[PDB]
Amino acid sequence: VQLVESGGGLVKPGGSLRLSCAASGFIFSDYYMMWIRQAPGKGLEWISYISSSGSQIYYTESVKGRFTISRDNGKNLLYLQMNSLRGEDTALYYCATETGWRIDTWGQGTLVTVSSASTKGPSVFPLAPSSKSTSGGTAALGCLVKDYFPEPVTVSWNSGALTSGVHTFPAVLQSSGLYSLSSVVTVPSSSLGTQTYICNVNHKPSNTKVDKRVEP
Amino acid sequence: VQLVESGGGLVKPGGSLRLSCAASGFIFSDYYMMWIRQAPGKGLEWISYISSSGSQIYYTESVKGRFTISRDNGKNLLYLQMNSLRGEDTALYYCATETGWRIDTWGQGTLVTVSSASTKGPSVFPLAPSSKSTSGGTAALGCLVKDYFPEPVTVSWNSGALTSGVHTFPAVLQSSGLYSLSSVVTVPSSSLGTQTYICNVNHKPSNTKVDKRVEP
Amino acid sequence: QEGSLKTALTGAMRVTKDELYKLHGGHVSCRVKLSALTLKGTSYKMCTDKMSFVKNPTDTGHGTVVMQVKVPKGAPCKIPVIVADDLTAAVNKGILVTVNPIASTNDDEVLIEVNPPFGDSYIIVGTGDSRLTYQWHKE
Amino acid sequence: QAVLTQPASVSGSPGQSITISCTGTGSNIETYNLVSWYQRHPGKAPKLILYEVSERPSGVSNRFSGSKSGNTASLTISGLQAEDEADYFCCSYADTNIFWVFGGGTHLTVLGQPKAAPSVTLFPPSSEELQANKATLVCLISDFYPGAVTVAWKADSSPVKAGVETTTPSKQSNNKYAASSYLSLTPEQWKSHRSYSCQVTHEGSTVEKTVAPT
Amino acid sequence: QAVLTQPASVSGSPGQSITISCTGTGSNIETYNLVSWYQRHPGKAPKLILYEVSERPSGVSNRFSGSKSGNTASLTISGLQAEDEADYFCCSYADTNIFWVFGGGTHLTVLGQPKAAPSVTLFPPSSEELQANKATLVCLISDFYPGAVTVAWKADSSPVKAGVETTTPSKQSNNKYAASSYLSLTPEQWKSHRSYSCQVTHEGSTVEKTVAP
Amino acid sequence: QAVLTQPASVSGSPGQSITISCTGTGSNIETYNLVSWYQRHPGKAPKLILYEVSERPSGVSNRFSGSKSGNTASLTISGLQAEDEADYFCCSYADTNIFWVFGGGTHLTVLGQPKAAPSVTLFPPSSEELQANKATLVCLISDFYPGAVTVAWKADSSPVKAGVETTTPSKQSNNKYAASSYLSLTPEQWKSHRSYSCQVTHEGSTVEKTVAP
Amino acid sequence: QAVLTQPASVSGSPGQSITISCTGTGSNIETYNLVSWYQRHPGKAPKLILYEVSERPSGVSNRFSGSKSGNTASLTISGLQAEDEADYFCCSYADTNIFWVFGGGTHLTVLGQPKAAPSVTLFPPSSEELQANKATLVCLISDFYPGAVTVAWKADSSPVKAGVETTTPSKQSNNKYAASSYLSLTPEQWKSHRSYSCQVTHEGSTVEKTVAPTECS
Amino acid sequence: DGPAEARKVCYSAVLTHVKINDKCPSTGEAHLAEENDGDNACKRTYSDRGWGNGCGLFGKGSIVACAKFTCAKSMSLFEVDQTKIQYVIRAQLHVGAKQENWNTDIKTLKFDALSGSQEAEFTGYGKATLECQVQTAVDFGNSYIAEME
Amino acid sequence: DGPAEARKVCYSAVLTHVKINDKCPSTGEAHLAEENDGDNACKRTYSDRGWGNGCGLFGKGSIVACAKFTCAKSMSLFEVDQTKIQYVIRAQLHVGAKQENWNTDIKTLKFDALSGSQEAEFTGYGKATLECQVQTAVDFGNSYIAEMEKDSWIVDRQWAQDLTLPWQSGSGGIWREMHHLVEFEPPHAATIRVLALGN
């Protein structure tokens, strides 16, 4: 018994998206189905609710005129036709079965992000190594990846050669809707001027390949 | 919710016994109760089966005329009066609840042993070392403690000095009701005649001490 | 055809078995000779000591009432039992189904069945102020 | 106006017993007496571990138990294990109108290992960044346990109110935690102040770093 | 009648899947379809882990599963664990006359350690014992894992009939098992036959030792 | 039962509007809806400012208002003044059995002054106290506004569960507050632990000091 | 469905009685009570010796009898002789769907004479075969009675799985049985291992040999 | 003291929202898993279906409805045992006692259904003996104790 | 092809041994956990009790009896959509064909309820057109397909719906109206006997 969600992705406000849920392991036409979503930092919330045969439909007030739930019992598919999407619709969406007046079986979820923020590349910068010795013989250095959208961006150091003591911090989300992350690698103190550290910032949506260098 | 048995012990054939099972954690007067036994080398078997009120009684033909099951719902107790005991009645007896036409919850069990055996010291024989060479220079010698009752018999080799490779096996229970036990130790073949090995067999229940020297 | 036979055998006189066919029907017409049926202990003393209800008078459903009375002291004697509608005058208006109740050994409990009259009544078991009293009502 | 409340995070070690509470409004969890509990590991499907206040679906351990007394429903987990560190969600069928309402969620952390202080690396604005007329101080918090941190920025000694962007703590591959904090500024503010200080609070203990314009 | 057959021992490694079978006669599993499975650790009360063929009591882990096919009931344990080491009992409501009947029991061995074939030492009757008109053959079995072994004896090659008694395995001091086997004889039968032999079957292998008068 | 929980300390600036909530946690509150609020200046009688959730006693200012939604009753004060510096108690008639139930109490702080971080002075046991078979850790806090503090003690990394004494903050002569924290122990626990920490929580920010043998 | 289980080998001396069982499932023997038995010496045509559980066709000796009990039908012989050593087959009408079903087959072994041990001759591969990039170990088993033998192979101590083929015991001209087993291998396996061993299980007593690689340096 | 519990009668029950499964004529019977639980209230009916509501035939189509039943308030019914009835009797003498000392002077006698003579002894005035019996024939026939909250 | 399943009607049921709980008058109601299960048939009644059968008060005493119900054999009832009925019509021309070649020369034509004109083209003789229609008015109204293990029929929908037998709906659903095969005889003192109504 499992449900698989699909259709999640990226779209602008006022856009459209259509989610799918593939059901297996039970008679699909005998069970109420529903769509549940969780916004970032927000409580879980059921937004759509359909009967086993589709004759009873239920919506929340947040989505009533915008979302349309339908089901194809022949092909064991549950659909969430989403139209006129807003910023409040940015959430992780689940399809779930319903029996015994409880939400019984869930799915892994599909991510829907609604963001006005348009595609942009980063501003890769180096960061000067100051001391992290602690008595001693250790220093820290890395790059800064600022003002990029969307996910993901992949860091690598010297074409993937230096991987000892490497840290790639998860990105932050700014008030402008643009992300920013960082990276570091710890190296000895006496081996600072003896080599070259080239961090690689690889950004696929806008086709960016930066290989900035770090040195005092 | 637990059941606790008591009353098991040693007895002669034709003797009598009375098992008690105490129940707690549930309404004892609402559930069927039954007695279950497992004889050595045999499968589990129900012998007595009583209703909630005690109005319906069920026995197997093996114990129909000799055993009597009863209960006292006021004191949460279940009794099994065992009369005219036989050697085949030697088993480990369980009291168990019954609901949904299944045996639901068990007790830890109480052991009942029916023996016609008599307190008797052991007969000790040496096991002359036959070759355990395997290329080579090893011989396994031993001792046969035989036909004693009751447990235990304590066997040592030269006042507990030789404790390298000593192995006293668990005893067997024969059809006579007596015990027989073996014990062996392994030594190099080039040191068979250079040292003395003696069985130090002690059966306290008969004040019997035996010292059997093992020669090739 | 097991079901068809069983529906055709509904309302038919049943029979059961043990180890001999047992019959769930028919009755027996009996004539009973009673002349050689005597009483025991017509020749003991009355029980005048203190008596205690082991089991109180209770309705049997046959219009009679049963009770169990204990005599701990007062060796081999008979228990007087009477039913009236006035505690002063011990005038029996009930039928003593247990005719001449007897206590054989001391610390003996005996069963008494009585048919009291309709309405409010009194059950008296005793002689002095060691006499037992239990108020009764029958429809 | 009909939503369940439950603690943001509750912690325990291996072995003891823990209780997550779920307080609703005298109707929410009190009317029908069917409250369900869900377990969700990061990235996986939520799993029904309790329904109808104290009922248990097939396969769920005895360690998970449920109770309900008035407003509050409680999930009690005994014999805490490393498998139990997850997100736990409350659910109740309010009425015939809004049907089901959830709780905010509780992150159960199991203290499988010992206290580790956070190691901090505070970076100055890059000169090449300052030549684009912007400044960003980068504070990197590394290798702490548990992942409950209070980040604070200062202007020579003075708490900073604006420009703060701090991420939530993340799980390392060595099973410790990490977090970062960014402070955007104009280059004038960077030069016009004696120093800037990123300081990190963790289990009451505070680690501090400080950088200055050079 | 009613006899429920199931293997004496089945073994698996930690994390794999194992299946114990329970085979019966005619009716007895197929008529009523209520079959229960029990788990017993040494000295403790048996625990109901499955009933009604595939139903699971409260708190019994999802790894335990049960199935039925005609006159066979099956207990499948997936993802073996060290605590799973116990005896497993199969029970089924035969009819209105027998009510309940049990299987012989199956000892599951979770291989928390490596394999061990039996090492056997056989002993002939000693002279001092023969001086008392008696003769006892002793077959000793040690250092064998898992502890579930079949013993067979031979009268020069013949399957012996009267006089064999065998113990049950017991855990050695080094997390192994040991077992004894005794063949009681009369001194004339010991000298008549050419030789006797212990024979130890283990995991499908076989070990034998022979002694001659 | 019935438990009313309200924040221990809230604060606002003159001219602002402030809200103090009162969350109910009992069996059936939500039945009578007659929640009352009280005002108490130090050393004087409590004064009824609201009853029946929104209703106001005669002569009470219109800056005090009250509302409810679900299991929460809220007291809101607008046009904040220095006179409003007091304790505010919540009260609700729970049921026919136990009657009115009170909240813990909230101390409103009117910021007629700027925010002051707590200065802390932690001291080690004197070598003349272990001589008397005792040892006490002394953590002394001064110069914080407002006087709302949370004190925790730690034994090398771990919170101490016994011996902690915290006072209720006493005002200073320079319009700030002070408090004392004492930790009685035995000398062996002082010597066995690597260090002890007094740490002080005031308006989210915590301040730590440490001593060691 | 219908499966009829009957034992593989049952033995007895002339003059005694032997019982060959036939265990079925669900229906098979107890629904219709319509079991029949067949005797087939090696090579000839099967002969009807009993039908309808107890009944006997004309000509069959009265020593031949049979009974039923629940699932089990049993063929009983009394006054056993040396002519009766053959293969016997159980047959029973299952249902309308499948039909008469059979048992696998039982080889009864008359103990007219004596018991021989399996003479084992284990041979290694020759160098001329290793020149051809193949190697086979040959285990020749001869002069045993009865023809009830289990063959096992080993790789330095361990049972061999793939490549082992076996024959069925074929009779000799001196009234004993003989067999031949072959283990197929690659030249590198025969050299990397210490030795290989063939084993012959026969009435319990196990006989085995061992061969190891050698080289003409 | 502790009458035996006999029945509970529900006079207040709250309901969840109904759940429906429906089918076209000649296409089988509709099913819900809620229809097997013993604590749900369900009905089995047929509905007028046609082209106007999504079916190829005009006729009766199976429809099933279920709603979870949960009792909000119930009345308990206790059976009484007439032989377990107790009573308490106050006894006091008119001596001189001020009202404030009445309770101290009162002797409180307890009887069972089969108690013996119960005597109240007053210091200085002897003792009186009581032989009593309840009257529960007309007032206590076939009856339950029914209690609400 | 694949009629929709509607009912299952049990005509052969196997019963377990009955279980009984009882109480004296004025002592309460008897209770069994079997009483709460879906696949159990029980009766709850009262028995004449007194001193003669273990009670201190003469009167009616609560008694409950339960027996597990499992259906051995059940008749399946299928519901029929007329619009899904199909038929096959074999056509053949008289030319000279030997009987043994008839199966080769026969054109088998398949029709639905919504099929049009279908062709039987014979090589050399042109082709003939068939425009057909089933007649299902006077034998195919409110009806089921009732099939046992080896037999099947067309039955009235209302006749099968009014059968005095236990019935079921689809999945492992509860057996409805089990009293049609399980009856309980009047209790004697503390025992109730079950009357199995038979196959």
# chains A, B, ... in the order shown; residues from 1 in each chain; ligands from 1

$ residues_around --residues "residue 58 (chain C)" --least-positions-apart "5" --cutoff "9 Å" --atoms "only C-alpha atoms" --output "NGL selection string"
(:C and (64-67)) or (:I and (56-58))

$ residues_around --residues "residue 125 (chain F)" --least-positions-apart "5" --cutoff "8 Å" --atoms "only C-alpha atoms" --output "list in words"
residues 130, 135, 136, 137 and 213 of chain F

$ residues_around --residues "residue 65 (chain I)" --least-positions-apart "3" --cutoff "12 Å" --atoms "only C-alpha atoms" --output "JSON, numbers by chain"
{"B": [51, 52], "I": [16, 17, 18, 19, 20, 21, 22, 30, 31, 32, 33, 34, 35, 40, 41, 42, 43, 44, 45, 46, 47, 62, 68, 182, 183, 184, 185, 186, 187, 190, 191, 192, 193, 194]}

$ select_by_dssp --residues "region 103-176 of chain F" --states "strand (DSSP E)" --output "PyMOL selection string"
chain F and resi 106-110+119-123+135-144+150-155+158-159+164-166+170-171

$ residues_around --residues "residue 6 (chain I)" --least-positions-apart "4" --cutoff "7 Å" --atoms "only C-alpha atoms" --output "list in words"
residues 28 and 29 of chain H; 77, 78, 79 and 169 of chain I

$ atom_distance --atom1 "CA of residue 35 (chain H)" --atom2 "CA of residue 35 (chain D)"
20.8 Å

$ select_by_dssp --residues "chain H" --states "alpha helix (DSSP H)" --output "ChimeraX atom specification"
/H:102-105

$ write_last_selection --atoms "C-alpha atoms" --output "compact mmCIF listing (two decimals), in the first residue's frame"
# COMPACT_ATOMS: atom_id res chain seq x y z
CA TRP H 102 -27.24 16.38 70.67
CA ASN H 103 -24.83 14.92 68.10
CA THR H 104 -22.46 13.77 70.85
CA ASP H 105 -25.30 12.01 72.69

$ residues_around --residues "region 96-105 of chain D" --least-positions-apart "2" --cutoff "8 Å" --atoms "only C-alpha atoms" --output "list in words"
residues 42, 43, 44, 45, 46 and 60 of chain A; 2, 3, 4, 5, 6, 7, 8, 22, 87, 88, 89, 90, 91, 92, 93, 94 and 107 of chain D; 16 and 17 of chain H

$ write_last_selection --atoms "N, CA and C atoms" --output "short mmCIF file (atom, residue, chain, number, x, y, z; two decimals), in the first residue's frame"
data_model
loop_
_atom_site.label_atom_id
_atom_site.label_comp_id
_atom_site.auth_asym_id
_atom_site.auth_seq_id
_atom_site.Cartn_x
_atom_site.Cartn_y
_atom_site.Cartn_z
N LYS A 42 4.70 26.55 9.03
CA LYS A 42 3.26 26.59 9.23
C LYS A 42 2.75 25.19 9.55
N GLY A 43 1.62 25.14 10.25
CA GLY A 43 1.04 23.86 10.61
C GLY A 43 0.46 23.12 9.42
N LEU A 44 0.35 21.81 9.58
CA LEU A 44 -0.25 20.97 8.55
C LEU A 44 -1.72 21.33 8.36
N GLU A 45 -2.20 21.19 7.13
CA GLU A 45 -3.53 21.66 6.78
C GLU A 45 -4.05 20.88 5.59
N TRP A 46 -5.23 20.29 5.73
CA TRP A 46 -5.90 19.66 4.60
C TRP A 46 -6.60 20.73 3.78
N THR A 60 -11.17 23.97 1.43
CA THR A 60 -11.02 25.04 2.40
C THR A 60 -11.30 26.38 1.74
N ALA D 2 -9.38 27.57 15.27
CA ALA D 2 -9.48 26.18 15.69
C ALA D 2 -8.22 25.47 15.19
N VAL D 3 -7.16 25.51 15.99
CA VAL D 3 -5.88 24.90 15.64
C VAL D 3 -5.23 24.40 16.92
N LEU D 4 -4.64 23.21 16.85
CA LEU D 4 -4.01 22.60 18.01
C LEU D 4 -2.65 23.23 18.28
N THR D 5 -2.29 23.29 19.56
CA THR D 5 -1.00 23.77 20.01
C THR D 5 -0.21 22.62 20.62
N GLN D 6 1.09 22.56 20.30
CA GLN D 6 1.95 21.52 20.84
C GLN D 6 3.38 22.05 20.86
N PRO D 7 4.21 21.60 21.80
CA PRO D 7 5.53 22.22 21.99
C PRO D 7 6.41 22.10 20.75
N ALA D 8 7.23 23.13 20.54
CA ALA D 8 8.07 23.18 19.35
C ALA D 8 9.10 22.05 19.34
N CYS D 22 -0.67 17.98 23.40
CA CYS D 22 -1.42 18.57 22.29
C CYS D 22 -2.67 19.21 22.88
N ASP D 87 9.81 14.02 13.61
CA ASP D 87 8.75 15.00 13.79
C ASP D 87 7.45 14.28 14.13
N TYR D 88 6.71 14.83 15.09
CA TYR D 88 5.47 14.23 15.56
C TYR D 88 4.34 15.24 15.43
N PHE D 89 3.22 14.80 14.85
CA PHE D 89 2.11 15.68 14.51
C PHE D 89 0.83 15.21 15.18
N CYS D 90 0.04 16.17 15.65
CA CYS D 90 -1.24 15.93 16.29
C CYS D 90 -2.37 16.21 15.29
N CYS D 91 -3.47 15.48 15.43
CA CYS D 91 -4.60 15.64 14.53
C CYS D 91 -5.89 15.35 15.27
N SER D 92 -6.90 16.18 15.02
CA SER D 92 -8.20 16.00 15.65
C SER D 92 -9.29 16.45 14.69
N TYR D 93 -10.41 15.72 14.70
CA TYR D 93 -11.58 16.06 13.89
C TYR D 93 -12.44 17.01 14.70
N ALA D 94 -12.34 18.30 14.37
CA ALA D 94 -13.00 19.34 15.16
C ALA D 94 -14.52 19.17 15.14
N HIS D 107 9.53 18.45 17.25
CA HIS D 107 10.74 17.73 16.87
C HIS D 107 11.29 17.03 18.11
N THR H 16 -20.28 12.30 13.35
CA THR H 16 -19.38 12.84 12.35
C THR H 16 -20.14 13.06 11.04
N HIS H 17 -19.46 13.68 10.08
CA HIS H 17 -20.08 13.90 8.78
C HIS H 17 -20.29 12.57 8.06
#

$ residues_around --residues "residue 115 (chain G)" --least-positions-apart "2" --cutoff "9 Å" --atoms "only C-alpha atoms" --output "PyMOL selection string"
(chain E and resi 157) or (chain G and resi 111+113+117+144-146)

$ atom_distance --atom1 "CA of residue 20 (chain H)" --atom2 "CA of residue 58 (chain H)"
20.2 Å

$ residues_around --residues "region 61-72 of chain G" --least-positions-apart "2" --cutoff "6 Å" --atoms "only C-alpha atoms" --output "PyMOL selection string"
chain G and resi 22-24+29-30+53-54+74-78

$ interface_residues --of "chain D" --to "chain F" --cutoff "10 Å" --atoms "only C-alpha atoms" --output "CSV table (one decimal) with N, CA, C and O atoms, in the first residue's frame"
chain,number,residue,atom,x,y,z
D,1,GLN,N,-8.8,29.9,14.2
D,1,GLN,CA,-9.4,30.0,15.5
D,1,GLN,C,-9.6,28.6,16.1
D,1,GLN,O,-10.1,28.5,17.2
D,2,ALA,N,-9.4,27.6,15.3
D,2,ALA,CA,-9.5,26.2,15.7
D,2,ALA,C,-8.2,25.5,15.2
D,2,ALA,O,-8.2,24.9,14.1
D,3,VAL,N,-7.2,25.5,16.0
D,3,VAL,CA,-5.9,24.9,15.6
D,3,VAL,C,-5.2,24.4,16.9
D,3,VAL,O,-5.3,25.1,17.9
D,23,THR,N,-2.6,20.5,23.0
D,23,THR,CA,-3.7,21.3,23.7
D,23,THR,C,-4.6,21.9,22.6
D,23,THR,O,-4.1,22.7,21.7
D,24,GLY,N,-5.9,21.7,22.6
D,24,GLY,CA,-6.9,22.2,21.7
D,24,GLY,C,-7.8,23.1,22.4
D,24,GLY,O,-7.6,23.4,23.6
D,25,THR,N,-8.9,23.6,21.7
D,25,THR,CA,-9.9,24.5,22.4
D,25,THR,C,-11.2,23.6,22.6
D,25,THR,O,-11.7,23.1,21.7
D,26,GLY,N,-11.6,23.6,23.9
D,26,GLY,CA,-12.8,22.8,24.3
D,26,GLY,C,-13.9,22.6,23.3
D,26,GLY,O,-15.0,23.2,23.5
D,27,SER,N,-13.6,21.8,22.3
D,27,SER,CA,-14.4,21.3,21.2
D,27,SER,C,-13.4,20.5,20.4
D,27,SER,O,-13.6,19.2,20.3
D,28,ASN,N,-12.4,21.1,19.9
D,28,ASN,CA,-11.3,20.6,19.0
D,28,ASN,C,-11.0,19.1,19.4
D,28,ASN,O,-11.1,18.3,18.5
D,30,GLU,N,-12.0,17.5,22.4
D,30,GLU,CA,-13.0,17.1,23.4
D,30,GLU,C,-14.3,16.6,22.9
D,30,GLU,O,-15.0,15.9,23.6
D,68,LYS,N,-5.9,11.2,26.9
D,68,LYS,CA,-6.6,12.4,26.6
D,68,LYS,C,-7.5,12.8,27.8
D,68,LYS,O,-8.3,12.0,28.2
D,69,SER,N,-7.3,14.0,28.3
D,69,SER,CA,-8.0,14.5,29.5
D,69,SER,C,-8.4,15.9,29.2
D,69,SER,O,-7.6,16.9,29.6
D,70,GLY,N,-9.6,16.1,28.7
D,70,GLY,CA,-10.1,17.5,28.4
D,70,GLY,C,-9.4,18.1,27.2
D,70,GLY,O,-9.4,17.5,26.1
D,71,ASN,N,-8.9,19.3,27.3
D,71,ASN,CA,-8.2,19.9,26.2
D,71,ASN,C,-7.1,19.1,25.6
D,71,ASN,O,-6.9,19.1,24.4
D,72,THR,N,-6.3,18.5,26.5
D,72,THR,CA,-5.0,17.9,26.1
D,72,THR,C,-5.1,16.5,25.7
D,72,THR,O,-5.7,15.7,26.4
D,114,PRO,N,27.0,13.2,23.6
D,114,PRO,CA,27.4,14.2,24.6
D,114,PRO,C,27.5,15.7,24.2
D,114,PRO,O,27.6,15.9,23.0
D,115,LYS,N,27.6,16.6,25.2
D,115,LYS,CA,27.5,18.0,24.8
D,115,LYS,C,28.8,18.5,24.1
D,115,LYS,O,29.9,18.3,24.6
D,116,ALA,N,28.6,19.2,23.0
D,116,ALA,CA,29.7,19.7,22.2
D,116,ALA,C,29.5,21.2,22.0
D,116,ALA,O,28.5,21.6,21.5
D,117,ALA,N,30.5,22.0,22.4
D,117,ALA,CA,30.4,23.4,22.2
D,117,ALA,C,30.5,23.8,20.7
D,117,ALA,O,31.2,23.1,19.9
D,150,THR,N,21.3,30.4,19.8
D,150,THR,CA,20.9,31.8,19.7
D,150,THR,C,22.0,32.6,19.2
D,150,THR,O,23.0,32.8,19.8
D,151,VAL,N,21.8,33.2,18.0
D,151,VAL,CA,22.8,34.0,17.3
D,151,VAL,C,22.5,35.5,17.6
D,151,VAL,O,21.4,35.9,17.6
D,152,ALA,N,23.6,36.2,17.8
D,152,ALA,CA,23.5,37.7,18.1
D,152,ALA,C,24.6,38.4,17.5
D,152,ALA,O,25.8,38.0,17.6
D,201,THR,N,25.1,31.6,21.3
D,201,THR,CA,24.6,31.1,22.6
D,201,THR,C,24.2,29.7,22.4
D,201,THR,O,23.5,29.4,21.5
D,202,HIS,N,24.6,28.8,23.3
D,202,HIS,CA,24.3,27.4,23.2
D,202,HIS,C,24.3,26.8,24.6
D,202,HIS,O,25.4,26.7,25.2
D,203,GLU,N,23.2,26.4,25.1
D,203,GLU,CA,23.0,25.8,26.4
D,203,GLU,C,23.5,26.7,27.5
D,203,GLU,O,24.0,26.3,28.5
D,204,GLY,N,23.2,28.0,27.3
D,204,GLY,CA,23.6,29.1,28.2
D,204,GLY,C,25.1,29.6,28.0
D,204,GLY,O,25.4,30.7,28.3
D,205,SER,N,25.9,28.7,27.4
D,205,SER,CA,27.3,29.1,27.2
D,205,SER,C,27.5,29.9,25.9
D,205,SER,O,26.9,29.5,24.9
D,206,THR,N,28.2,30.9,25.9
D,206,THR,CA,28.3,31.9,24.8
D,206,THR,C,29.7,31.9,24.2
D,206,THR,O,30.7,32.1,25.0

$ closest_residue --among "H:123, H:142, H:133, H:36" --to "residue 25 (chain I)" --atoms "only C-alpha atoms"
H:142

$ closest_atom_pairs --of "chain A" --to "chain I" --cutoff "12 Å" --atoms "only C-alpha atoms" --output "Markdown table"
| residue | atom | partner | partner_atom | distance |
| --- | --- | --- | --- | --- |
| A:26 | CA | I:171 | CA | 11.3 |
| A:27 | CA | I:171 | CA | 10.2 |
| A:30 | CA | I:171 | CA | 11.0 |

$ atom_distance --atom1 "CA of residue 186 (chain B)" --atom2 "CA of residue 146 (chain B)"
20.9 Å

$ closest_atom_pairs --of "chain E" --to "chain I" --cutoff "10 Å" --atoms "only C-alpha atoms" --output "tab-separated table"
residue	atom	partner	partner_atom	distance
E:31	CA	I:72	CA	7.7
E:32	CA	I:70	CA	6.8
E:33	CA	I:70	CA	8.7
E:93	CA	I:16	CA	8.8
E:94	CA	I:16	CA	9.7
E:95	CA	I:16	CA	7.3
E:96	CA	I:17	CA	5.6
E:97	CA	I:17	CA	8.8
E:99	CA	I:17	CA	8.3

$ write_last_selection --atoms "C-alpha atoms" --output "CSV table (one decimal), in the first residue's frame"
chain,number,residue,atom,x,y,z
E,31,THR,CA,-11.8,-25.5,8.1
E,32,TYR,CA,-11.8,-22.7,10.6
E,33,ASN,CA,-8.8,-20.6,9.5
E,93,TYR,CA,-8.6,-25.0,16.3
E,94,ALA,CA,-9.1,-28.4,14.8
E,95,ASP,CA,-12.8,-29.1,15.4
E,96,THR,CA,-15.6,-29.1,18.0
E,97,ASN,CA,-14.1,-32.4,19.3
E,99,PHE,CA,-10.6,-28.0,20.0
